[PDB]
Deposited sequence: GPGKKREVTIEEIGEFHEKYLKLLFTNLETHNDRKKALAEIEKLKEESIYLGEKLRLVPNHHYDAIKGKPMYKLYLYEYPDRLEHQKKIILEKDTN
């Protein structure tokens, strides 16, 4: 019942978050907000899809997002 457009859109947003610059404090504030919405969207898909594919969206991408988050928290101190 998960559509390809929901999967495509999630990954599109993820890609944009990753390609983002993070040079200024404003950018970092925005990226962090975006990370939170991506975690939520990943887990939404993961729960709806139910190595099995669903584990990537339930666990792996939220873990990678958390990683990127800590890093961005590393700069802004």
No C-alpha coords for deposited residues 1 to 6, 57 to 68, 96
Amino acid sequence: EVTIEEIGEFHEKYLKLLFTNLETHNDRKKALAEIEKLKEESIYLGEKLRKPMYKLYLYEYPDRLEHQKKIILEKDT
From here on, numbers count along this sequence of modelled residues.
Per the PDB entry, mean CA B-factor is higher for 61 to 69 or 21 to 29, namely for 21 to 29
Quick note on 51 to 59 and 8 to 16: per-entry mean CA temperature factor is higher in 51 to 59
